[PDB]
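Here Cβ is always computed from backbone atoms with ideal geometry, including for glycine, and neighbour counts include all displayed protein chains. None of the figures in this text is laboratory data; all of them are computed from the coordinates on show.
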Amino acid sequence: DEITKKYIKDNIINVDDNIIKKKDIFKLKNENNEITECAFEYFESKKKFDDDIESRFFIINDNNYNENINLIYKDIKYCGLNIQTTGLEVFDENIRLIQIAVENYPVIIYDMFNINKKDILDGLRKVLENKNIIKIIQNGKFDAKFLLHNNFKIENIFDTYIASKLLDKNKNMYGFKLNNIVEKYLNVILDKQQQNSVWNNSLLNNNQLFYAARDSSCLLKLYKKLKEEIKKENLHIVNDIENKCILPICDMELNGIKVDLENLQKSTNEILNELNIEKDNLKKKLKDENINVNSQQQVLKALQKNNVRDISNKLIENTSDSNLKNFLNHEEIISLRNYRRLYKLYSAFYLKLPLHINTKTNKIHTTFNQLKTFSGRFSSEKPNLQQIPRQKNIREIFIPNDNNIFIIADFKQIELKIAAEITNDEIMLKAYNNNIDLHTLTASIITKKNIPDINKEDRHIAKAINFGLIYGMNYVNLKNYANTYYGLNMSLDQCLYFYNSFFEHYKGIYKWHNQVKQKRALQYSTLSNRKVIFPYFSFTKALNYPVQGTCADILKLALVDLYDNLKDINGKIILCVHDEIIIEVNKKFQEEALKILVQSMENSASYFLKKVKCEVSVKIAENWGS
DNA sequence: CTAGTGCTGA
DNA sequence: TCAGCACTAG
């Protein structure tokens, strides 16, 4: 039909009319700073949209290309960037459209599947690569991944999703989509009713492209309002750190971590054989061949039948971990706990990892979020690399690529040092400046011994108590935390003495607790001014948000600096979990990468914390579990 | 024979 | 998060 092929030469198919090809004379400055009149071709919606957002759009392909269109990019400061892709997986999908939105101009849509002259993208590469031009994106991680994977270099970025998330102060988890944000801040409905229309086809319908253009032009007005809103709330530091942390995260996701298939198979066979042996032993002990070991009620009934009792001659009724500890003087329950451990490992990690390794490259690629967590720390999904077992044997599976070497660096006592800085405790700072660990100090003041005499067990009691009480746990509740997560058995009188002694000397933390509990404020802030508003008062969250948020800020600034400092030796950032950062470098640059990483982490720590000097433990490792 | 909720730990 | 196990419905 002639109506549907009116603009087929530009790879546009007309569905419901509502499209007109119009030519107008534009005014632009030549490279020599001379106003040169140029005539372009742009498409417009025949039926005007009720909103004020821009809807005109160019389309640049192999034939329609005009050399003077690059004059739009000259002497700009912000540009709206949005890309449409054939699918979500970066490795199995290509980029369909690149969209650049420039103020008081139509959006420029690059038809990637119909571009073959590499000079067509010459100006796009410069406008993306320039550090003085701010690129506005929605969910910038996705677009940055897709652009970097396709040999585009992107340097500056301003994610409207990040600004919207920070401004809401973690009040709501859902929302924060382009329609929601634009409705909230501009009072305009984008009509995002496109149900993920077909993009793989070379021809694209009218409504698809007009939805694409309005999703890009609206980012300029959102930038204008959100910049002022961030400046008003003094969130510019956190916003800048987060925006610059997009590229490190995308680099981590693209690089991934390699998996040794041979060692993985060997470990899987060994663990499965051990599981079978333990299952047979438990079957013999439970005296029920048909019993399903995994069934909770069945094992409860079996143990009840066998009549394993307490020291108080009390029978078990729940197989929770805390309950199982009380009953340990029988072989049956020991075998049951061992089997539970083995089964948890086998069914959580070994059998689940092969679903995540890509056979095309033999690597695990993770999805890193940076604002879903309440504290602000990174969170990983699909393969939850934070949920990997911490045992040395398990982590030995992960290895660097061929002809490379890992460099693992992690902070020491970062939460405690941040707490000392924020609360301004007189004694903690003076201790740290003399090179004594706060765990050692806590152990010494508890045990009344001098610093040299502290053993490892006292250090362990200190490790429990310091993390226990800094976040406001009551002395009664210290028992459960100590026994559950460290195995120490403590008498409540001993806990009372520990609490009194701990808060008698560290005056700063006591004053901090008193102020936070007296004020009962609903708004809290970190040292990067990342603000959060809780629905109601929560003492533990109140005392925990500042330190952990500042730790997240320190790690993010470290990644931002490290990504720039590693470009000389082609280092690859692989992972960032807890207070740990992993980078792979070639074996020739083994020595320099260590100094680069140490300097980056130390500068990041010293930017925020000023009283205390942070130290980093770095080791050159052949594999993760070294 | 397939669907689910509802409930219990690792 | 993640897995798995008794109890309603055709």
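For a footprinting-style exposure proxy, rank A:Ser164, A:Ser197, A:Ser312 by other Cβ within 10 Å, fewest first.
Values: A:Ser164 23, A:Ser197 12, A:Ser312 6.
In order of increasing Cβ crowding within 10 Å: A:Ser312, A:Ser197, A:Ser164.
Which percent of Cα pairs goes in each bin when the distances of region A:197-351 are cut into 10 angstrom slices starting at zero?
Cα pair-distance distribution for region A:197-351, in percent: 8, 21, 15, 12, 13, 17, 12, 2.
Quick one: P(r) of region A:286-416 from all Cα-Cα pairs, 5 Å bins, percents rounded to integers, in order of increasing distance.
Per 5 Å bin, starting at zero, the Cα-Cα P(r) for region A:286-416 comes out as 2, 7, 12, 15, 13, 12, 11, 10, 9, 6, 2, 1, 0 percent.
Give, rounded to the nearest 20 debye, the magnitude of the charge dipole that region A:414-527 has about its Cα centre when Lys and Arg contribute +1 at Cβ and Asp and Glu contribute -1 at Cβ. Provide the component values of the computation, followed by the final result.
Values: 13 positive and 10 negative charges, 56 e Å.
About 260 debye.
Where the centre of each part is set by its Cα atoms, how far does region A:407-423 sit from region A:439-506, in angstrom?
Measuring centre to centre over Cα atoms gives 19 Å.
For region A:393-464, what value does the Rg/Rh ratio take when both radii are computed over Cα atoms and Rh is the Kirkwood radius, given to two decimals?
Values: Rg = 17.1 Å, Rh = 14.7 Å.
Using only Cα positions, Rg/Rh for region A:393-464 is 1.16.
For A:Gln304 and A:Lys118, calculate 0.36 nm times their separation in residues minus their Cα-Cα distance, and state this gained length in nm to one decimal. Intermediate results must be reported in sequence, preceding the final value.
On the way: separation 186, 0.36 × 186 = 66.96 nm, distance 7.50 nm.
Extra length available between A:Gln304 and A:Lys118 comes to 59.5 nm.
Could you give the length gained by full extension between A:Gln265 and A:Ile76, i.e. 0.36 nm per residue of separation minus their alpha carbon distance, to one decimal place? Working shown, then result.
Values: separation 189, 0.36 × 189 = 68.04 nm, distance 5.52 nm.
Length gained between A:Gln265 and A:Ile76: 62.5 nm.
Specify the inter-centroid distance of region A:522-583 and region A:1-32, based on alpha-carbon positions, in whole Å.
Here the answer is 47 Å between Cα centres.
Per residue, what volume in Å³ does the convex hull of the Cα atoms of region A:261-355 enclose?
Details: hull volume 9.6 nm³, N = 95.
Convex hull of Cα atoms, per residue: 101 Å³.
Efficiency by 1/(1 + (r/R0)^6): what FRET value for A:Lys595 and A:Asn435, r their Cβ-Cβ distance, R0 = 35 Å, to the nearest 0.05?
Numbers: r = 21 Å, r/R0 = 0.59.
Calculated transfer efficiency: 0.95.
Take the alpha carbon gyration tensor of region A:469-521, find the square roots of its eigenvalues, order them as a ≥ b ≥ c, and report rounded if a/c is under 1.5; if not, report prolate when a/b exceeds b/c, else oblate.
Numbers: a/c = 2.70, a/b = 1.77, b/c = 1.53.
The shape class here is prolate.
So for region A:183-227, considering every pair of alpha-carbon atoms, how many percent are separated by more than 15 Å?
51 percent
Give me the percent relative contact order of chain A, please, defined on Cα pairs under 8 angstrom at least 6 residues apart.
Details: 923 pairs, mean separation 83.3, N = 626.
Answer for chain A is 13 percent.
Of A:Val15, A:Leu71, A:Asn132, which is farthest along the charge dipole of chain A in the positive direction, counting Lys and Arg as +1 and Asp and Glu as -1 at C-beta?
Positive-most Cα among the choices belongs to A:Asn132.
For chain A, build the charge dipole from Cβ charges (+1 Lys, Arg; -1 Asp, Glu) around the Cα centre, then report which of A:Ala212, A:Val259, A:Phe374 sits farthest towards its positive end.
Of the options given, the answer is A:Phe374.
Hey, if you put +1 on the Cβ of every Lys and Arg and -1 on every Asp and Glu Cβ in chain A, which of A:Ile422, A:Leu492, A:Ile35 ends up farthest toward the positive end of that dipole?
Going by the Cα projections, it comes out as A:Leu492.
Quick check on packing: order A:212-220, A:556-564 by the mean number of other C-beta atoms within 10 Å, highest mean leading.
Numbers: A:212-220: 24.4, A:556-564: 22.1.
Ranked from most to least packed, the peptides come out as A:212-220, A:556-564.
Treat every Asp and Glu Cβ in chain A as -1 and every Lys and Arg Cβ as +1, leave all other atoms uncharged, and give the resulting dipole magnitude about the Cα centre to the nearest 20 debye.
Values: 90 positive and 79 negative charges, 368 e Å.
It works out to roughly 1760 debye.
Assuming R0 = 22 Å, what is the FRET efficiency of A:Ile533 and A:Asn187, from their Cβ-Cβ distance, to the nearest 0.05? Let's see the in-between values first.
Working: r = 24 Å, r/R0 = 1.07.
It comes out at approximately 0.40.
Treat each spin label as a single point 7 Å out from the Cα along the C-beta direction, and report the A:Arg56 to A:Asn477 distance in nm.
For A:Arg56 paired with A:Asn477, the spin-label model returns 6.1 nm.
What is the fewest-to-most order of A:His439, A:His513 by other Cβ atoms lying within 10 Å of their Cβ? Before the final figure, lay out each step's value.
Values: A:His439 22, A:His513 19.
Result, fewest neighbours first: A:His513, A:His439.
Using 0.36 nm per residue, how much length does the chain from A:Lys448 to A:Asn292 gain when fully extended, once their Cα-Cα distance is taken away? Kindly include the intermediate steps, with their values, before the conclusion.
Details: separation 156, 0.36 × 156 = 56.16 nm, distance 5.26 nm.
Residue separation times 0.36 nm, minus the Cα-Cα distance, leaves 50.9 nm.
Assuming 1.002 mPa s and 20 °C, estimate D for region A:405-547 with Stokes-Einstein, Rh taken as the Kirkwood radius over Cα pairs, in µm²/s. Write out the running numbers ahead of the final one.
On the way: Rh = 16.3 Å.
Using the Kirkwood radius from Cα pairs, D works out to 132 µm²/s.
Does region A:8-233 come out rounded, prolate or oblate, given a ≥ b ≥ c as the square roots of the eigenvalues of its C-alpha gyration tensor, rounded meaning a/c under 1.5 and, failing that, prolate meaning a/b above b/c? Don't skip to the end; give the middle numbers.
On the way: a/c = 1.37, a/b = 1.24, b/c = 1.10.
Verdict is rounded for region A:8-233.
When we measure straight from the Cα of A:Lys572, which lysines land under 19 angstrom away, once same-chain ones fewer than 8 places off are left out?
Within the straight-line limit of under 19 Å, A:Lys572 reaches these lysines: A:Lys141, A:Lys145, A:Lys153, A:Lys244, A:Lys258, A:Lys363, A:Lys556, A:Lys587, A:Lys588, A:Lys595, A:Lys619.
Could you give me the ³J(HN,Hα) list for region A:267-275, computed from phi with Karplus coefficients 6.51, -1.76, 1.60 and θ = phi - 60°, whole Hz, x at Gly and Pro?
Going residue by residue, I get 5, 5, 5, 4, 5, 5, 5, 4, 4 Hz, with x marking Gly and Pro.
For chain A, just the Cα set please: Rg and Dmax, both in angstrom.
Answer for chain A, Rg first and Dmax second: 29.7, 96 Å.
When a/c reaches 1.5 or more, the comparison of a/b and b/c decides; with that in mind, is region A:3-55 rounded, prolate or oblate per its Cα gyration tensor?
On the way: a/c = 3.72, a/b = 1.77, b/c = 2.10.
Taking the square roots of the gyration eigenvalues as a ≥ b ≥ c, region A:3-55 is oblate.
As a quick test, which of the pairs A:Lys372/A:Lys613; A:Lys227/A:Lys531; A:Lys169/A:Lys232 have an alpha carbon distance above 25 angstrom in this structure?
Values: A:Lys372/A:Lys613 30 Å; A:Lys227/A:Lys531 16 Å; A:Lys169/A:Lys232 14 Å.
Pairs exceeding 25 Å: A:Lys372/A:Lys613.
For region A:293-332 and region A:353-402, what is the separation of their Cα centres, given in Å?
About 35 Å separates the Cα centre of region A:293-332 from the one of region A:353-402.
So what's the back-of-envelope 222 nm ellipticity for chain A, counting only DSSP H runs of four-plus at -39500 (n - 2.57) apiece and dividing by all residues, rounded to 500? It would help to have the intermediate numbers written out before the result.
Details: 21 runs with 272 residues, N = 626.
Taken over chain A, the calculation gives -14000 deg cm²/dmol.
Where does each of A:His330, A:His365 land when they are ranked from fewest to most other beta-carbon atoms within 10 angstrom? Let's see the in-between values first.
Numbers: A:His330 14, A:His365 19.
Result, fewest neighbours first: A:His330, A:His365.
Can you give me the relative contact order of region A:268-418 as a percent, contacts being Cα pairs under 8 Å and 6 or more apart?
On the way: 105 pairs, mean separation 22.9, N = 151.
Once normalised by length, the contact order is 15 percent.
So if I place +1 on the C-beta of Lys and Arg and -1 on the C-beta of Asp and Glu, and nothing else carries charge, what would the dipole magnitude of region A:261-355 be about its Cα centre? I want it in debye, nearest 20. Walk me through the numbers before you get to the answer.
On the way: 16 positive and 12 negative charges, 46 e Å.
The dipole of region A:261-355 has a size of about 220 debye.
So, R0 is 51 Å and r is the distance between the beta-carbons of A:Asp280 and A:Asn172; what FRET efficiency does that work out to, to 0.05?
The pair A:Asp280/A:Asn172 has a calculated efficiency of 0.50.
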